[PDB]
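final-v7.cif follows (mmCIF, C-alpha atoms (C1' of nucleotides)):
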data_data
#
loop_
_atom_site.group_PDB
_atom_site.id
_atom_site.type_symbol
_atom_site.label_atom_id
_atom_site.label_comp_id
_atom_site.auth_asym_id
_atom_site.auth_seq_id
_atom_site.Cartn_x
_atom_site.Cartn_y
_atom_site.Cartn_z
ATOM 1 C CA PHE A 828 -3.430 9.541 40.653
ATOM 2 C CA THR A 829 -3.041 10.601 36.977
ATOM 3 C CA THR A 830 -0.442 8.154 35.524
ATOM 4 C CA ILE A 831 2.091 8.714 32.694
ATOM 5 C CA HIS A 832 2.960 6.169 30.007
ATOM 6 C CA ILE A 833 5.309 5.745 27.012
ATOM 7 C CA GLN A 834 4.174 3.503 24.156
ATOM 8 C CA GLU A 835 5.366 2.791 20.568
ATOM 9 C CA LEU A 836 3.777 2.404 17.090
ATOM 10 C CA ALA A 837 5.529 1.638 13.768
ATOM 11 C CA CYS A 838 5.324 1.192 9.950
ATOM 12 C CA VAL A 839 7.244 -0.248 6.948
ATOM 13 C CA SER A 840 8.158 0.278 3.261
ATOM 14 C CA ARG A 841 8.560 -3.134 1.525
ATOM 15 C CA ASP A 842 11.182 -4.218 -1.099
ATOM 16 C CA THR A 843 9.245 -3.540 -4.385
ATOM 17 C CA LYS A 844 10.540 -4.446 -7.930
ATOM 18 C CA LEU A 845 12.049 -0.912 -7.930
ATOM 19 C CA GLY A 846 12.709 -1.005 -4.138
ATOM 20 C CA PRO A 847 10.787 1.712 -2.124
ATOM 21 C CA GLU A 848 7.129 2.189 -1.113
ATOM 22 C CA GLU A 849 5.143 5.461 -0.576
ATOM 23 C CA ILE A 850 4.612 7.373 2.773
ATOM 24 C CA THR A 851 2.432 10.628 2.665
ATOM 25 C CA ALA A 852 -0.748 12.426 3.967
ATOM 26 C CA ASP A 853 -3.293 12.341 1.020
ATOM 27 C CA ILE A 854 -6.658 10.975 2.402
ATOM 28 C CA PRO A 855 -9.088 13.492 0.776
ATOM 29 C CA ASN A 856 -12.565 14.110 2.339
ATOM 30 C CA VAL A 857 -12.273 11.285 4.991
ATOM 31 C CA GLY A 858 -11.326 13.152 8.258
ATOM 32 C CA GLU A 859 -9.217 16.230 7.443
ATOM 33 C CA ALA A 860 -8.453 17.570 10.989
ATOM 34 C CA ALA A 861 -6.860 14.138 11.791
ATOM 35 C CA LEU A 862 -4.179 14.998 9.093
ATOM 36 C CA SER A 863 -3.099 18.614 10.106
ATOM 37 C CA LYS A 864 -0.012 17.583 12.169
ATOM 38 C CA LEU A 865 2.594 16.083 9.781
ATOM 39 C CA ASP A 866 6.059 16.180 8.154
ATOM 40 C CA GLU A 867 6.753 16.126 4.375
ATOM 41 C CA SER A 868 7.345 12.347 4.998
ATOM 42 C CA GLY A 869 3.794 11.988 6.534
ATOM 43 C CA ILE A 870 5.007 11.781 10.228
ATOM 44 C CA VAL A 871 4.007 13.767 13.405
ATOM 45 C CA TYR A 872 6.427 16.282 15.083
ATOM 46 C CA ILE A 873 8.218 15.642 18.428
ATOM 47 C CA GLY A 874 6.396 17.875 20.978
ATOM 48 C CA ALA A 875 2.911 17.872 19.321
ATOM 49 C CA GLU A 876 -0.225 16.612 21.154
ATOM 50 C CA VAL A 877 -2.319 13.855 19.478
ATOM 51 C CA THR A 878 -5.592 12.060 20.397
ATOM 52 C CA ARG B 1034 26.486 6.913 13.503
ATOM 53 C CA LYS B 1035 24.395 4.791 15.876
ATOM 54 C CA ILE B 1036 21.492 7.058 14.668
ATOM 55 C CA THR B 1037 22.668 7.214 10.991
ATOM 56 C CA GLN B 1038 23.467 3.498 11.434
ATOM 57 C CA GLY B 1039 21.365 1.221 9.221
ATOM 58 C CA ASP B 1040 20.512 -2.463 9.637
ATOM 59 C CA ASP B 1041 19.075 -4.929 7.083
ATOM 60 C CA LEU B 1042 15.323 -5.501 7.635
ATOM 61 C CA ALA B 1043 15.324 -8.861 5.733
ATOM 62 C CA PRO B 1044 14.573 -9.377 1.974
ATOM 63 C CA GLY B 1045 11.054 -7.904 1.697
ATOM 64 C CA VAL B 1046 11.768 -4.575 3.558
ATOM 65 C CA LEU B 1047 13.838 -1.596 2.399
ATOM 66 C CA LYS B 1048 12.753 0.747 5.313
ATOM 67 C CA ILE B 1049 10.973 0.987 8.746
ATOM 68 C CA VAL B 1050 9.497 3.999 10.684
ATOM 69 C CA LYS B 1051 8.431 4.697 14.353
ATOM 70 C CA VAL B 1052 6.568 7.190 16.597
ATOM 71 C CA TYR B 1053 6.407 7.201 20.456
ATOM 72 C CA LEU B 1054 3.518 8.574 22.633
ATOM 73 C CA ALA B 1055 3.662 10.037 26.221
ATOM 74 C CA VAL B 1056 0.001 8.911 26.960
ATOM 75 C CA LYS B 1057 -1.298 11.065 29.929
ATOM 76 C CA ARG B 1058 -3.678 8.328 31.329
ATOM 77 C CA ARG B 1059 -5.518 10.661 33.841
ATOM 78 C CA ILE B 1060 -7.505 9.900 37.012
ATOM 79 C CA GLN B 1061 -10.954 8.475 35.989
ATOM 80 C CA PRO B 1062 -13.661 5.985 37.221
ATOM 81 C CA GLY B 1063 -13.367 2.274 36.213
ATOM 82 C CA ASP B 1064 -9.563 2.498 36.730
ATOM 83 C CA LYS B 1065 -8.177 0.420 39.664
ATOM 84 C CA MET B 1066 -6.696 1.406 43.067
ATOM 85 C CA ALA B 1067 -5.358 -0.250 46.259
ATOM 86 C CA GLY B 1068 -3.421 0.105 49.551
ATOM 87 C CA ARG B 1069 -0.496 -1.960 51.009
ATOM 88 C CA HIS B 1070 -2.722 -4.241 53.147
ATOM 89 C CA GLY B 1071 -4.466 -6.088 50.271
ATOM 90 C CA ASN B 1072 -7.460 -3.748 49.787
ATOM 91 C CA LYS B 1073 -7.851 -3.745 45.940
ATOM 92 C CA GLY B 1074 -10.734 -2.389 43.794
ATOM 93 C CA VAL B 1075 -12.243 -0.047 41.138
ATOM 94 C CA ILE B 1076 -12.586 3.773 41.397
ATOM 95 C CA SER B 1077 -16.418 3.800 41.469
ATOM 96 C CA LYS B 1078 -17.303 7.552 41.526
ATOM 97 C CA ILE B 1079 -15.489 10.921 41.785
ATOM 98 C CA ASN B 1080 -17.176 12.942 44.592
ATOM 99 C CA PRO B 1081 -17.290 16.768 45.140
ATOM 100 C CA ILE B 1082 -15.270 17.745 48.263
ATOM 101 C CA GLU B 1083 -18.568 18.028 50.266
ATOM 102 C CA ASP B 1084 -20.165 14.811 48.670
ATOM 103 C CA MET B 1085 -17.952 13.039 51.307
ATOM 104 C CA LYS C 493 21.075 -6.587 -9.640
ATOM 105 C CA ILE C 494 21.479 -9.290 -6.895
ATOM 106 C CA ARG C 495 18.058 -8.226 -5.408
ATOM 107 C CA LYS C 496 16.751 -9.171 -8.949
ATOM 108 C CA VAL C 497 16.380 -12.637 -7.312
ATOM 109 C CA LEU C 498 15.791 -11.628 -3.645
ATOM 110 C CA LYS C 499 12.824 -9.214 -4.431
ATOM 111 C CA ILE C 500 10.626 -12.174 -5.584
ATOM 112 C CA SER C 501 12.289 -15.654 -5.305
ATOM 113 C CA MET C 507 11.906 -15.935 -1.462
ATOM 114 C CA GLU C 508 8.061 -16.426 -1.493
ATOM 115 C CA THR C 509 6.753 -13.971 -4.255
ATOM 116 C CA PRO C 510 4.900 -10.634 -3.730
ATOM 117 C CA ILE C 511 1.575 -10.136 -5.655
ATOM 118 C CA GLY C 512 3.259 -8.932 -8.990
ATOM 119 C CA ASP C 513 0.393 -9.957 -11.271
ATOM 120 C CA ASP C 514 2.451 -10.878 -14.406
ATOM 121 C CA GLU C 515 5.519 -8.982 -13.186
ATOM 122 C CA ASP C 516 4.783 -5.508 -14.740
ATOM 123 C CA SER C 517 3.912 -6.870 -18.269
ATOM 124 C CA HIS C 518 0.340 -7.428 -16.917
ATOM 125 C CA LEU C 519 -0.192 -3.746 -17.965
ATOM 126 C CA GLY C 520 0.106 -4.759 -21.706
ATOM 127 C CA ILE C 521 -0.955 -8.485 -21.634
ATOM 128 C CA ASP C 522 -4.492 -9.974 -22.245
ATOM 129 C CA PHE C 523 -5.874 -7.573 -19.495
ATOM 130 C CA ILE C 524 -5.912 -4.528 -21.970
ATOM 131 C CA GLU C 525 -9.554 -5.598 -22.756
ATOM 132 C CA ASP C 526 -12.375 -3.491 -21.057
ATOM 133 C CA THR C 527 -11.395 -5.144 -17.687
ATOM 134 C CA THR C 528 -8.763 -2.319 -17.482
ATOM 135 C CA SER C 534 -9.279 0.154 -20.388
ATOM 136 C CA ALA C 535 -12.620 1.497 -18.986
ATOM 137 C CA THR C 536 -10.339 3.567 -16.598
ATOM 138 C CA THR C 537 -8.313 4.777 -19.656
ATOM 139 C CA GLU C 538 -11.745 5.840 -21.080
ATOM 140 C CA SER C 539 -12.073 7.967 -17.844
ATOM 141 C CA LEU C 540 -8.592 9.591 -17.592
ATOM 142 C CA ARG C 541 -9.094 10.370 -21.325
ATOM 143 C CA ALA C 542 -12.534 11.877 -20.502
ATOM 144 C CA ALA C 543 -11.161 14.140 -17.695
ATOM 145 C CA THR C 544 -8.154 15.284 -19.806
ATOM 146 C CA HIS C 545 -10.564 15.806 -22.772
ATOM 147 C CA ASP C 546 -12.673 18.098 -20.442
ATOM 148 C CA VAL C 547 -9.804 20.367 -19.166
ATOM 149 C CA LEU C 548 -7.828 20.411 -22.458
ATOM 150 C CA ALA C 549 -11.063 21.722 -24.183
ATOM 151 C CA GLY C 550 -11.719 24.602 -21.687
ATOM 152 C CA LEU C 551 -8.106 25.899 -22.083
ATOM 153 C CA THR C 552 -7.058 28.586 -24.640
ATOM 154 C CA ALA C 553 -8.675 28.457 -28.103
ATOM 155 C CA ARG C 554 -5.262 27.950 -29.867
ATOM 156 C CA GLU C 555 -3.251 25.957 -27.228
ATOM 157 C CA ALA C 556 -6.024 23.292 -26.758
ATOM 158 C CA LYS C 557 -4.688 20.747 -29.453
ATOM 159 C CA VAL C 558 -0.835 20.311 -29.128
ATOM 160 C CA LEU C 559 -1.024 19.319 -25.384
ATOM 161 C CA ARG C 560 -2.723 15.917 -26.492
ATOM 162 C CA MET C 561 0.017 14.528 -29.152
ATOM 163 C CA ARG C 562 2.962 11.838 -29.354
ATOM 164 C CA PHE C 563 2.066 9.310 -26.465
ATOM 165 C CA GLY C 564 -1.554 8.066 -26.991
ATOM 166 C CA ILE C 565 -3.445 10.764 -24.992
ATOM 167 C CA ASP C 566 -6.805 11.454 -26.736
ATOM 168 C CA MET C 567 -7.296 9.681 -30.127
ATOM 169 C CA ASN C 568 -7.288 6.027 -31.337
ATOM 170 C CA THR C 569 -4.198 7.202 -33.359
ATOM 171 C CA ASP C 570 -2.614 10.117 -31.414
ATOM 172 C CA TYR C 571 -0.914 11.613 -34.531
ATOM 173 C CA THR C 572 2.099 13.772 -35.369
ATOM 174 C CA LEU C 573 1.614 16.964 -37.474
ATOM 175 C CA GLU C 574 -0.455 16.262 -40.656
ATOM 176 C CA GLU C 575 -4.089 15.625 -39.388
ATOM 177 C CA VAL C 576 -3.557 17.917 -36.288
ATOM 178 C CA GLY C 577 -1.921 21.043 -37.863
ATOM 179 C CA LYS C 578 -4.901 21.061 -40.330
ATOM 180 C CA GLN C 579 -7.089 21.552 -37.153
ATOM 181 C CA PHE C 580 -4.738 24.153 -35.476
ATOM 182 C CA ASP C 581 -4.031 26.486 -38.500
ATOM 183 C CA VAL C 582 -1.767 29.641 -38.846
ATOM 184 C CA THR C 583 1.680 28.302 -37.562
ATOM 185 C CA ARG C 584 3.910 25.252 -36.708
ATOM 186 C CA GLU C 585 5.627 23.147 -33.914
ATOM 187 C CA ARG C 586 3.922 25.057 -31.129
ATOM 188 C CA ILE C 587 1.959 21.860 -32.071
ATOM 189 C CA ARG C 588 4.473 20.046 -29.731
ATOM 190 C CA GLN C 589 6.200 22.683 -27.477
ATOM 191 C CA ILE C 590 2.856 23.378 -25.647
ATOM 192 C CA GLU C 591 2.834 19.697 -24.452
ATOM 193 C CA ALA C 592 5.553 21.049 -22.033
ATOM 194 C CA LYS C 593 4.718 24.872 -21.742
ATOM 195 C CA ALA C 594 2.082 23.906 -19.102
ATOM 196 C CA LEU C 595 4.929 23.547 -16.491
ATOM 197 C CA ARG C 596 5.279 27.381 -16.043
ATOM 198 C CA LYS C 597 1.895 29.351 -16.132
ATOM 199 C CA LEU C 598 -0.313 26.294 -15.582
ATOM 200 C CA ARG C 599 2.076 26.412 -12.511
ATOM 201 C CA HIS C 600 -1.073 26.966 -10.357
ATOM 202 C CA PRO C 601 -1.419 23.377 -8.888
ATOM 203 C CA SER C 602 -5.260 23.662 -8.826
ATOM 204 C CA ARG C 603 -5.033 23.056 -12.658
ATOM 205 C CA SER C 604 -5.303 19.252 -11.945
ATOM 206 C CA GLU C 605 -8.376 19.505 -9.561
ATOM 207 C CA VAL C 606 -10.496 17.272 -11.925
ATOM 208 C CA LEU C 607 -7.697 14.985 -13.294
ATOM 209 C CA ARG C 608 -6.074 12.935 -10.461
ATOM 210 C CA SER C 609 -8.789 10.237 -9.691
ATOM 211 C CA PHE C 610 -7.528 7.641 -12.250
ATOM 212 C CA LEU C 611 -4.970 6.013 -9.951
ATOM 213 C CA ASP C 612 -8.077 5.221 -7.797
ATOM 214 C CA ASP C 613 -11.009 4.004 -10.047
ATOM 215 C "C1'" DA D 1 -63.965 25.823 41.623
ATOM 216 C "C1'" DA D 2 -64.664 29.625 43.925
ATOM 217 C "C1'" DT D 3 -63.190 32.612 48.397
ATOM 218 C "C1'" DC D 4 -59.091 35.008 51.032
ATOM 219 C "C1'" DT D 5 -55.624 36.274 54.946
ATOM 220 C "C1'" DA D 6 -51.481 36.237 56.190
ATOM 221 C "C1'" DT D 7 -47.185 33.986 54.741
ATOM 222 C "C1'" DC D 8 -42.258 34.419 53.004
ATOM 223 C "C1'" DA D 9 -40.933 37.533 50.705
ATOM 224 C "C1'" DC D 10 -41.134 40.376 44.928
ATOM 225 C "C1'" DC D 11 -42.013 44.009 43.986
ATOM 226 C "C1'" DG D 12 -42.209 49.037 45.174
ATOM 227 C "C1'" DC D 13 -39.964 52.107 42.534
ATOM 228 C "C1'" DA D 14 -34.723 54.814 44.691
ATOM 229 C "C1'" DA D 15 -30.418 54.559 43.216
ATOM 230 C "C1'" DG D 16 -26.259 53.783 40.209
ATOM 231 C "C1'" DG D 17 -23.347 50.854 37.478
ATOM 232 C "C1'" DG D 18 -21.781 49.254 32.586
ATOM 233 C "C1'" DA D 19 -22.370 49.932 28.375
ATOM 234 C "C1'" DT D 20 -22.004 51.086 23.591
ATOM 235 C "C1'" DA D 21 -21.962 54.268 20.240
ATOM 236 C "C1'" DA D 22 -20.786 58.562 18.807
ATOM 237 C "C1'" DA D 23 -16.718 61.190 17.183
ATOM 238 C "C1'" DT D 24 -12.332 61.306 16.653
ATOM 239 C "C1'" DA D 25 -7.871 59.488 15.275
ATOM 240 C "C1'" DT D 26 -5.129 56.101 14.363
ATOM 241 C "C1'" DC D 27 -4.021 51.941 11.906
ATOM 242 C "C1'" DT D 28 -3.638 48.932 7.609
ATOM 243 C "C1'" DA D 29 -4.764 47.311 3.292
ATOM 244 C "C1'" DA D 30 -6.236 47.635 -1.469
ATOM 245 C "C1'" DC D 31 -4.962 49.243 -5.261
ATOM 246 C "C1'" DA D 32 -2.662 51.530 -9.381
ATOM 247 C "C1'" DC D 33 1.066 52.514 -10.934
ATOM 248 C "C1'" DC D 34 5.781 51.036 -12.423
ATOM 249 C "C1'" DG D 35 9.601 47.724 -13.348
ATOM 250 C "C1'" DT D 36 11.421 43.399 -13.674
ATOM 251 C "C1'" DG D 37 12.123 38.934 -15.707
ATOM 252 C "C1'" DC D 38 10.117 35.000 -17.157
ATOM 253 C "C1'" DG D 39 8.122 31.244 -19.855
ATOM 254 C "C1'" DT D 40 5.096 35.377 -24.738
ATOM 255 C "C1'" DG D 41 6.223 33.613 -29.844
ATOM 256 C "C1'" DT D 42 8.653 31.544 -34.135
ATOM 257 C "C1'" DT D 43 12.500 30.059 -35.998
ATOM 258 C "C1'" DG D 44 16.558 27.265 -36.375
ATOM 259 C "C1'" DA D 45 20.333 23.912 -35.214
ATOM 260 C "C1'" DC D 46 21.076 20.817 -32.356
ATOM 261 C "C1'" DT D 47 21.373 15.760 -30.596
ATOM 262 C "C1'" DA D 48 19.948 11.936 -29.445
ATOM 263 C "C1'" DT D 49 12.249 11.191 -28.827
ATOM 264 C "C1'" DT D 50 11.233 7.364 -31.369
ATOM 265 C "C1'" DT D 51 11.280 3.913 -34.903
ATOM 266 C "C1'" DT D 52 13.642 0.236 -37.749
ATOM 267 C "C1'" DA D 53 17.637 -1.809 -39.096
ATOM 268 C "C1'" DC D 54 21.786 -4.139 -38.092
ATOM 269 C "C1'" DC D 55 25.603 -6.272 -35.157
ATOM 270 C "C1'" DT D 56 26.391 -8.698 -31.617
ATOM 271 C "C1'" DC D 57 24.513 -7.706 -24.740
ATOM 272 C "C1'" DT D 58 22.003 -10.318 -21.060
ATOM 273 C "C1'" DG D 59 20.073 -13.953 -19.385
ATOM 274 C "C1'" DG D 60 16.746 -17.620 -20.906
ATOM 275 C "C1'" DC D 61 17.402 -22.984 -19.266
ATOM 276 C "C1'" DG D 62 18.950 -27.216 -20.599
ATOM 277 C "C1'" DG D 63 22.085 -30.287 -19.657
ATOM 278 C "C1'" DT D 64 24.639 -33.393 -16.523
ATOM 279 C "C1'" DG D 65 30.519 -34.028 -14.240
ATOM 280 C "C1'" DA D 66 34.114 -39.889 -12.849
ATOM 281 C "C1'" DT D 67 41.772 -41.715 -9.327
ATOM 282 C "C1'" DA D 68 37.579 -42.875 -6.025
ATOM 283 C "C1'" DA D 69 33.971 -42.135 -2.650
ATOM 284 C "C1'" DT D 70 28.746 -48.537 -1.893
ATOM 285 C "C1'" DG D 71 25.386 -50.744 6.993
ATOM 286 C "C1'" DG D 72 22.194 -45.141 7.579
ATOM 287 C "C1'" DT D 73 20.503 -41.886 10.960
ATOM 288 C "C1'" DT D 74 17.310 -40.033 14.663
ATOM 289 C "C1'" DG D 75 16.553 -38.274 19.708
ATOM 290 C "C1'" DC D 76 13.128 -37.497 23.075
ATOM 291 C "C1'" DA D 77 5.475 -38.479 21.905
ATOM 292 C "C1'" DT D 78 5.632 -39.723 27.748
ATOM 293 C "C1'" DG D 79 5.989 -40.331 32.814
ATOM 294 C "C1'" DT D 80 -0.296 -38.111 35.366
ATOM 295 C "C1'" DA D 81 -5.738 -39.650 35.991
ATOM 296 C "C1'" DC D 82 -8.944 -41.599 34.740
ATOM 297 C "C1'" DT D 83 -11.136 -46.117 32.465
ATOM 298 C "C1'" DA D 84 -13.325 -48.325 28.227
ATOM 299 C "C1'" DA D 85 -12.105 -51.426 24.825
ATOM 300 C "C1'" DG D 86 -9.607 -55.155 22.424
ATOM 301 C "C1'" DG D 87 -6.512 -58.396 22.935
ATOM 302 C "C1'" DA D 88 -4.307 -62.862 24.748
ATOM 303 C "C1'" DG D 89 -4.814 -68.205 26.344
ATOM 304 C "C1'" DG D 90 -5.500 -71.677 29.610
ATOM 305 C "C1'" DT D 91 -9.286 -73.690 31.693
ATOM 306 C "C1'" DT D 92 -13.353 -74.829 34.460
ATOM 307 C "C1'" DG D 93 -17.002 -74.638 33.226
ATOM 308 C "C1'" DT D 94 -21.754 -73.285 29.530
#

Transcribe the structure of this file into structure tokens.
Amino acid sequence: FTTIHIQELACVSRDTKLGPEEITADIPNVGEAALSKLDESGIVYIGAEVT
Amino acid sequence: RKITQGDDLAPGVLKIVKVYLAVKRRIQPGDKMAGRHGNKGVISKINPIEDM
Amino acid sequence: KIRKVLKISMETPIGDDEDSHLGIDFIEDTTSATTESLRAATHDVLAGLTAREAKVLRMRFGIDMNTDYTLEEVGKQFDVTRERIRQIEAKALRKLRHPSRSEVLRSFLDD
DNA sequence: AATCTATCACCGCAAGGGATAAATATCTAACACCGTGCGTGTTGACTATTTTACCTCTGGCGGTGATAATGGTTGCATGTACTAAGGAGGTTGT
């Protein structure tokens, strides 16, 4: 009676006067272990556990 | 090029990003159970095999 | 150059006075107290560095003085030789390579 | 709060298991050397850092067209259940 689920979460980069917006991992001295799991683009890897 | 496809995201958005999660919602108390004959209710303790 | 219109004319993002708000009427202490903090942190590091090199690597664009001069008043406080007075503004890229060299500098996007 | 006999058993006290630390022998790492090549230095010529000047982009915004065009669009507030209030006006009464 353990169940298994698939759920979705998302984000955006708005049209600025140049055009892009930032996406990275820099949140210094706020919860460092909750950062250790990321791409160059600030995104988790397919296959990694997260909680 | 259904993956490398792009779509406009309306004026106000250059880009969008996603992540999906396989949430392993385990057996626990407070979760809900039933049988076919309309018995329906909360899991109200987990009992050792002899606590039964 | 079409998005010139579409970036702002639909319902307007928070662009304070587009980007010119950096140089407008706000240059009073309501902003420049942070300049007088980036300047403090760069004045710290660029005064612990090498006894010669610690001048140069402040010149041209407004870094450290209320008139951030070319040669005449700076060379007279560097002595011995010449336009090392300017080249060392860029030399930092290659043995100040060690990225820790900004450990006390980066806060002034954030205060 | 002292006394003990008489429980269920811990002590009474034999055995033996693991441990760790000694000595040996292996591993690696720390270093000191060397060599490479890069970011050690000034000088010099380049060309395009910045400024100002000039000649002549981009985009500020103000201005308003004429063969003539001269009765318009607009769809669903709501169908129920109540009932309190104001509105009507003729009249049989106050």

>> For the PyMOL selection byres ((chain D) within 10 of (chain C)), applied here, can you spell out every residue it catches as a ChimeraX atom specification?
In response: /D:38-39,41-43,49-50

> Interatomic distance between CA of residue 1049 (chain B) and CA of residue 870 (chain A)?
Replying inline: 12.4 Å

> When the cut-off is 10 Å and we count only C-alpha atoms, which residues of chain B are near chain C, given as a PyMOL selection string?
Replying inline: chain B and resi 1043-1046

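The space between CA of residue 866 (chain A) and CA of residue 878 (chain A) spans 17.4 Å.
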
>> Assuming the chain letters and numbering stay as they are in my file, what does the PyMOL selection byres ((chain A) within 8 of (chain C)) actually select? List them as a PyMOL selection string.
In response: chain A and resi 842-844

Taking all atoms listed in the file into account, find every residue of chain A that has an atom no more than 7 Å from chain B, and write it out as a JSON list (two decimals) with C-alpha atoms, in the frame of the given file.
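The file below, iface.json, is the result:
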[["chain", "number", "residue", "atom", "x", "y", "z"],
["A", 828, "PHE", "CA", -3.43, 9.54, 40.65],
["A", 829, "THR", "CA", -3.04, 10.60, 36.98],
["A", 830, "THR", "CA", -0.44, 8.15, 35.52],
["A", 831, "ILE", "CA", 2.09, 8.71, 32.69],
["A", 832, "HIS", "CA", 2.96, 6.17, 30.01],
["A", 833, "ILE", "CA", 5.31, 5.74, 27.01],
["A", 834, "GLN", "CA", 4.17, 3.50, 24.16],
["A", 835, "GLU", "CA", 5.37, 2.79, 20.57],
["A", 836, "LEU", "CA", 3.78, 2.40, 17.09],
["A", 837, "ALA", "CA", 5.53, 1.64, 13.77],
["A", 838, "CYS", "CA", 5.32, 1.19, 9.95],
["A", 839, "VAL", "CA", 7.24, -0.25, 6.95],
["A", 840, "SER", "CA", 8.16, 0.28, 3.26],
["A", 841, "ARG", "CA", 8.56, -3.13, 1.52],
["A", 842, "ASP", "CA", 11.18, -4.22, -1.10],
["A", 846, "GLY", "CA", 12.71, -1.00, -4.14],
["A", 847, "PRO", "CA", 10.79, 1.71, -2.12]]

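Separating CA of residue 519 (chain C) from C1' of residue 48 (chain D) is a distance of 28.0 Å.
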
>> Show me, as number ranges by chain, the residues that have an atom within 12 Å of region 854-857 of chain A when counting all atoms listed in the file, minus same-chain residues fewer than 4 positions from it.
In response: A: 850, 861-863, 869; C: 605, 608-609, 612

>> At a cut-off of 9 Å, using only C-alpha atoms (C1' of nucleotides), what residues contact residue 555 (chain C)? Leave out same-chain residues fewer than 4 positions from it and give the result as a PyMOL selection string.
In response: chain C and resi 548+551+559+580+586-587+590

Would you save the residues of that selection, restricted to C-alpha atoms, as a JSON list (two decimals), keeping the file's coordinate frame?
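File selection_26.json, as written:
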[["chain", "number", "residue", "atom", "x", "y", "z"],
["C", 548, "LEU", "CA", -7.83, 20.41, -22.46],
["C", 551, "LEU", "CA", -8.11, 25.90, -22.08],
["C", 559, "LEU", "CA", -1.02, 19.32, -25.38],
["C", 580, "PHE", "CA", -4.74, 24.15, -35.48],
["C", 586, "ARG", "CA", 3.92, 25.06, -31.13],
["C", 587, "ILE", "CA", 1.96, 21.86, -32.07],
["C", 590, "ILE", "CA", 2.86, 23.38, -25.65]]
